[PDB]
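Encoded as structure tokens, the structure appears first; notes follow it.
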Amino acid sequence: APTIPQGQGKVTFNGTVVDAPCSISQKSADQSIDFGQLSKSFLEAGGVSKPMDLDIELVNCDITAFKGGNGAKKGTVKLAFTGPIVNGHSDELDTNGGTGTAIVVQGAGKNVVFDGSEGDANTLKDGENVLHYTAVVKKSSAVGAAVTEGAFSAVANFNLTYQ
Amino acid sequence: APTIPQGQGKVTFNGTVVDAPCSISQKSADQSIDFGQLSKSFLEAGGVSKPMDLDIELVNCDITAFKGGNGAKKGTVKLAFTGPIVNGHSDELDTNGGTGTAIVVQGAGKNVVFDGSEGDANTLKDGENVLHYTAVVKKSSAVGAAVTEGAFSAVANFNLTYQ
Amino acid sequence: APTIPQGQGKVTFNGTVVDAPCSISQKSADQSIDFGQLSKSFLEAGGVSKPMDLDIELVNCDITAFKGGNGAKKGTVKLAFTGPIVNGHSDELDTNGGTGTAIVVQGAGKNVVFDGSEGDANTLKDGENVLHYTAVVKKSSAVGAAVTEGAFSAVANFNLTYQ
Amino acid sequence: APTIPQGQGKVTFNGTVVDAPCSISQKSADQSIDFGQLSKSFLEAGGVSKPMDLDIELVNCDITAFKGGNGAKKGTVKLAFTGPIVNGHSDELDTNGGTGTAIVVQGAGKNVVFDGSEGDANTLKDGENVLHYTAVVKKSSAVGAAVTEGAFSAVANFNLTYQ
Amino acid sequence: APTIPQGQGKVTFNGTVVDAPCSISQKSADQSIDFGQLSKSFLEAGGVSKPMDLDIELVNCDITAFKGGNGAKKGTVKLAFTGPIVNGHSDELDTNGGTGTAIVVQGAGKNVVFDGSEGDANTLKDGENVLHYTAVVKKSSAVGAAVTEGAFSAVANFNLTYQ
Amino acid sequence: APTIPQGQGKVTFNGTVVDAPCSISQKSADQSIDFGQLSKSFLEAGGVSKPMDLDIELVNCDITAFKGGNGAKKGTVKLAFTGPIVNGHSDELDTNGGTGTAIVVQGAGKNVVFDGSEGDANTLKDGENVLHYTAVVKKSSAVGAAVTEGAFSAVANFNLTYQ
Amino acid sequence: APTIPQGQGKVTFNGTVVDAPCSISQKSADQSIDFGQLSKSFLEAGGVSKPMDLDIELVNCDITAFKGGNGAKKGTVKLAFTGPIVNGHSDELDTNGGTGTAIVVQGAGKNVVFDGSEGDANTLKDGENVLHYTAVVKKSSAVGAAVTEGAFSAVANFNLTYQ
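Residue numbers (the entry's author numbering), protein chains in the order written: chain A, 1 to 163; chain H, 1 to 163; chain F, 1 to 163; chain I, 1 to 163; chain E, 1 to 163; chain J, 1 to 163; chain G, 1 to 163.
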């Protein structure tokens, strides 16, 4: 007897909301970079890998009322990256592994620092926006650094503030 | 002594079968949507997030013999979504949280209702099929609704019938 | 010790085969059309966007033996499009969104219908072939239709038969 | 008084080791396949579900010294699957349930048999490897087999040997 | 048994609509410029690359009723470019990289500024229109700027308004 | 007579609280790593398994007021791992079993030591944080160490302090 | 009270390094080929599909010092493909499925063999390089081979060595 539906399914929903004037798509909120396979000799020669796109897209920004009512806050943003750093460099990410290598993220004519400090303010427009960042791998600048024929793995976190 | 296999492993299998003329891949049977991070101000301004794909793929439908022998049942389907709804709206999903926000799923020129009722019949073809649905987040239409700077979480269920 | 290959990689392969006399390249099997950004006023004035190419290339058809042994089946094909349609029009695709707009695909001196029915038979030759189709956006012919300043999204499916 | 650590935690570790020349990741050692929801009519028509990936990845194989010192054993492997089988077929897995259905796993141009016997030897390379297998569901080939509108459940085990 | 269509395929559709009097083809909405390979010495000598076409085509403008009913708004448009800029220059795009180079986009007898401000109003006609822009690479005007033998990468965004 | 509820259920709740500025999810507070099945020969050759993720996520950190009022304590943390160690190495976990193998956990450009001592201070940001750690298995560095074809099992504990 | 960052995000990094003189982009390290839908009759007639690009790009090769110090090793490479093969052919990939079909990859005036053996040495230059390979589908050369109207699926692996 008991009736059986010809197709049962379920969908769930998740998200969050902040006081920001602009929204952040999950696709950019988190992400991962793969540098594939690198030549030791190349890195040992002080070489550097090709830049990877760490671009961050901002959506539904409508910073009109925002930049108006908030006065000085005229539609700029900045990021504060945090992670293990190479001593005396800061802008050099101390990857997790048994290698003498490191990762450097760059923004415009500046470098990214992973010491939790904020970077330069970035002007943005109404509606949609995107920040452009590049990441490369090189032999660490640490003293006595040496490239080990192993795997790479590193994690960096950042906060975004609006002005 | 006792011999030891050089690699032992195990694989299990699960599934089910119904009287439907078409099969449903697990990948669509259940799923989850993440709206990432939203701007309060934007939602408070009555704004709405970008559409998310809740598409449902149907496989091995071969509705030939089906639509023939079953007469009036000429190869259409419909969904009956069920969940908490906002009063006097029904098509507005009453998310679980301390926020004045809600989720609306849309199908074609119509909206989805989560009151357990069936939607419009949808013509399908032989072999493979897919239904197209979109989901967005907005400030709830509830009286006195207000957007709280917190997290979002909601669950909706649906049945699928064949005609 | 353990030796490490100087470059490891992997390639996978996928596809399928049917009783058709001609093969179908993946590039045409599935595809997507982007109409960019449209003027509301223009659409509201009953205007229509520019035609997009939905051409379908068929390869390795060699319909010699085919059209011979299969008699009446003298090297023609037809498509059966399926999707949400505007009532009383059928040839008008009921896009998914909160807009009063729709999509119309056209073939030769005829229009495409998304009710799952087959279109006109199309003569083809030996070796290589291609069908030519155009798609445009317009204000829906639905009663009380009105263009909303939002996004567009629609999905249509079709089967191909050989005669 | 008594001091309280500001965050206490614990991590455990498990695994095993064999005389194999190559290691086996847990992720492949065990696993599970879900075929979602199937059409009875389709199965009753003698239809068959889509192939599921039962691929087995082997890591750190370095079969150099191995294939050398072990002579005839020139870097091949094979699997011996074990489970309930359909009589007179063997390569057909007798699922556990009140349905007239069964599961068939396939490897290359051959089928997998669950009678505890070993399959064909598979050449592998140094470093990393992976075997490719597919699984499908069909109406059992058993005499008088009939598809019951219920659930599916089956378990199969296998050993891996190196040559 | 189960019937198999001789060719199954799927096509999707995307786009959006705004209150603009004219439509914008996707082909211009987004795009990319490649300056190929440049001579360091040349750039170091203060040289400048050849102009690249960043032209923006507007379609279905029919600004008749528009320019009429909207009075002062007599069929002109302007762009507001946004991106990283070189200090004290603004019209000089601070590319992302370890080079002392920059990009300058020019329009008519004026230069483009990437500070989010709007440029000069541009008269347009009924039906079809196109704006003409050029882009060149030069050694940055930044203090102490120097050309590094590396790669170039930059992203700029803009909004379009109608008057 | 006696009435019977149509569904009785019960839910319990557990947890704890410390003076830490940040909270610790149970999911990270405790956890377990499985290295699956390893090759003896590989380990005997001095090989090492692939890195496993022992990442520790910290939530609701809001270290604003914290890092302020606590002066020198400017938002850093460190871990003190404790367990059986291999003599003269310390950073090598003396697993429990009849094998000549051991486990090494690594953090950034440093290794983890299980002698109860604290590791390097790790800068963290406001809101959410995560530490990245890797674990591998190798043939123990103990004198006369030899890999036995058996099972692996080890337990390590750690405390977390905030500065 | 507790402060909430206006946008939190996280990025991870992965990769590896080998003793190779040249680096390998992930995009080529792994990949997948789709042959779309094929005609049975065509394959049965001994026909063959169109060639697919399996090109492998090598980056940052700088084989100057390499080819010098390593003497005989004057800047050549070769691949060793491994997978299921058709008996007495080797260069014919025994796809996984219930079809009488197979895949053949070709390089220059030679064919690729999936028996784990190395192919011909390929001269490469300094900086950037790319190898060109084609893949096609045909009716298997196996005895009694016959094309089944089903799906295709195959996996092949290879190592890269430098001389």
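Backbone N, C-alpha and C fix where the C-beta goes; we use that ideal spot for every residue, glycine too.
With distances taken Cα to Cα, identify the nearest neighbour of residue i among the options.
{"i": "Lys125/G", "options": "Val59/G, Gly144/G, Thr12/G, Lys10/G", "result": "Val59/G"}
{"i": "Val17/J", "options": "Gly9/J, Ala29/J, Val130/J, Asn157/J", "result": "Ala29/J"}
{"i": "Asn87/I", "options": "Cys61/I, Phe114/I, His132/I", "result": "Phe114/I"}
{"i": "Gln8/I", "options": "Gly97/J, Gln26/J, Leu131/J, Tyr133/J", "result": "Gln26/J"}
{"i": "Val104/H", "options": "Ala156/H, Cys61/H, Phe13/H, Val147/H", "result": "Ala156/H"}
{"i": "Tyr162/A", "options": "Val11/A, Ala45/A, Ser23/A", "result": "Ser23/A"}
{"i": "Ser90/G", "options": "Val112/G, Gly71/G, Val143/G, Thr101/G", "result": "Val112/G"}
{"i": "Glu128/F", "options": "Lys10/F, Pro21/F, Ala146/F", "result": "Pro21/F"}
{"i": "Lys110/I", "options": "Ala121/I, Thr101/I, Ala65/I", "result": "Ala121/I"}
{"i": "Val130/E", "options": "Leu160/E, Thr82/E, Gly36/E, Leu43/E", "result": "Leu160/E"}
{"i": "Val143/F", "options": "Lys67/F, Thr101/F, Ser117/F", "result": "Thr101/F"}
With which residues is residue i paired in a DSSP beta bridge?
{"i": "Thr161/G", "result": "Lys78/G"}
{"i": "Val17/I", "result": "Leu38/J"}
{"i": "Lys139/H", "result": "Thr101/H"}
{"i": "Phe152/G", "result": "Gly15/F"}
{"i": "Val130/E", "result": "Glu57/E"}
{"i": "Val48/E", "result": "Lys138/E"}
{"i": "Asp30/H", "result": "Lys10/A"}
{"i": "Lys110/J", "result": "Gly107/J"}
{"i": "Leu93/I", "result": "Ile85/I, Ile103/I"}
{"i": "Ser23/G", "result": "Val59/G"}
{"i": "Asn70/F", "result": "In the DSSP output, where bridge partners are listed per residue, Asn70/F has none listed."}
Kindly list, in the order they appear in chain F, the residues whose Cβ is closer than 8 Å to that of residue i.
{"i": "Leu38/H", "result": "None at all; the shortest Cβ gap to chain F is about 17 Å."}
Given a threshold of 16 other Cβ atoms within 10 Å of its Cβ, counted over all protein chains shown, does residue i qualify as buried or as exposed?
{"i": "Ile4/I", "result": "exposed"}
{"i": "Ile33/E", "result": "exposed"}
{"i": "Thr99/F", "result": "buried"}
{"i": "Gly107/A", "result": "buried"}
{"i": "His132/J", "result": "buried"}
{"i": "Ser41/E", "result": "exposed"}
{"i": "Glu92/E", "result": "buried"}
{"i": "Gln6/H", "result": "buried"}
{"i": "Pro2/F", "result": "buried"}
{"i": "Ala151/A", "result": "buried"}
{"i": "residue 172/H", "result": "As shown, chain H starts at 1 and ends at 163. That puts residue 172/H outside it, with no answer to give."}
{"i": "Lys10/J", "result": "exposed"}
{"i": "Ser117/H", "result": "exposed"}
{"i": "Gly68/A", "result": "exposed"}
{"i": "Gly36/H", "result": "buried"}
{"i": "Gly15/E", "result": "buried"}
Taking the Cβ atom as the reference point for each residue, do residue i and residue j lie within a distance shorter than 8 Å?
{"i": "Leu38/J", "j": "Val137/J", "result": "yes"}
{"i": "residue 173/H", "j": "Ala135/H", "result": "The requested residue 173/H is not part of the displayed model; chain H covers only 1 to 163."}
{"i": "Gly119/E", "j": "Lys73/E", "result": "no"}
{"i": "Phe158/F", "j": "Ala80/F", "result": "yes"}
{"i": "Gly75/G", "j": "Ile56/G", "result": "no"}
{"i": "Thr95/G", "j": "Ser141/G", "result": "no"}
{"i": "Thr82/J", "j": "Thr82/A", "result": "no"}
Taking C-beta pairs closer than 9 Å, name the residues in chain A that residue i reaches, listed in chain order.
{"i": "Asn157/H", "result": "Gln8, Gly9, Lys10, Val11"}
{"i": "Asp62/G", "result": "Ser39, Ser41, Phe42, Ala45, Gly47"}
Under 7 Å between beta-carbons, which chain G residues line up against residue i? List them in chain order, please.
{"i": "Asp94/A", "result": "Correct list: empty, because the minimum Cβ distance to chain G is about 12 Å."}
Anything in chain F within Cβ reach of residue i, meaning under 9 Å, just list it in chain order.
{"i": "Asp30/I", "result": "Simply none; closest approach about 22 Å."}
What does residue i touch in chain I if you count any residue whose Cβ is under 8 Å from its own?
{"i": "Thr76/F", "result": "What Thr76/F touches in chain I: nothing, since even the nearest Cβ is about 29 Å away."}
{"i": "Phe66/H", "result": "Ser41"}
I want to verify the contact list: residues of chain E whose CB lies under 8 Å from the CB of residue i, in sequence order.
{"i": "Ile103/F", "result": "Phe13"}
{"i": "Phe114/F", "result": "Neighbours of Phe114/F on chain E: none; closest Cβ ~11 Å, over 8 Å."}
{"i": "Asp126/H", "result": "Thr3, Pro5"}
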